[PDB]
C-alpha cells in the first residue's frame, strides 16, 4: 500500500480562475472564500476569478495561492480514509508556509494574514531598488553560482532542477548578463513579472519583522514534517519553523535538492493547490507521479488513488 508526499506551490502558479472549480462544487470551499474575504478585508472571490490588477501584487498573490492550497487540502483530507497522513510536505518559497500551516502550526486566518504580510514586506523591502527575478534555462547550477559570486547585485534564488535557475537582483544588472549567459549556453532568459528580489540580501531588512510575526502566529502542532527550502532538512516544531521560514527569505530555494534527498521515501506526490508548476519541475527530477489537485477533477483523481492504493 503506497505512500505519499504533499507539494505546495509558490509564486508563478496563481491564475485567473484559481479556485473557481472548488468554490462551485463544494460548500466548504465557498465558506473558506468568505472567511478569507473577511480576514483580508478584500473580496477574494473577485480577486481570484475575474481580471483585477490586485492579484498581481505579492501581497495578494501569496495569500491567494495559500487559499487554494488550503481548500485543496481540506476537500481531499475530508475524503481520505482517516485523513491525509503524508510522509512529508515540500513547498516552493511561499509554499513552505502553506505546508507548515496545513501541518497544524498555523490557523486559516492567521496564515492568510501572515502570507499577505510576507508579500507586503517583500514589496516594501524591494521598493525603489528596481528589483527583479530572471529565469535562466540550460546553464549549470555551479556555473551560475560562481557567475553571481563574481558579479555585483545578482544572486541565485531558485534551484528548480532540469537546469532551471532563477536569479534575483537589480534589473539592469541582470538584464546585462545576457551576452555572457548566452555564451554559457542559456537557451532561454525570461524576466519574472514583479519588482521584488526574494531569496537574496534584498530581503535582509524584513527578516526581523517576519520572525516577530512567526513567533506570534505559530502554534506548536505538526501532523507531518516539512522540508526546508533553505537547508534541505526536515523539521516539525515552532522554534525550527520560526528559524527556517525566516532564513528561507534570504537563501536560495533549493527545490531540486529537496526533491532528490526525499524522492526515495514515497511512491507519489500530491500537488495541493492551483497549477502544475511543481508537477512540471518533477518531470526533470523524479519518475514518481504527481497528481495535481487544483480542480474538482484533480480532487477526484487523488481520492481514487487513495481508495485503491491506500
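Residue numbers count along the first chain shown, from 1.
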query	finding
187 to 195 versus 99 to 107 - which carries the larger mean C-alpha B factor in the record	187 to 195
Mean C-alpha temperature factor, higher of 265 to 273 and 38 to 46	38 to 46
Deposited CA B-factor, highest of 94, 181, 72, 167	181
Chain thirds of CA B-factor: placement of residue 233	middle
Residue 135, C-alpha B-factor rank within chain (lowest, middle or highest third)	lowest
Record-listed C-alpha B factor of residue 5: chain third	lowest
CA B-factor ranking of residue 66, expressed as a third of its chain	lowest
CA B-factor ranking of residue 59, expressed as a third of its chain	middle
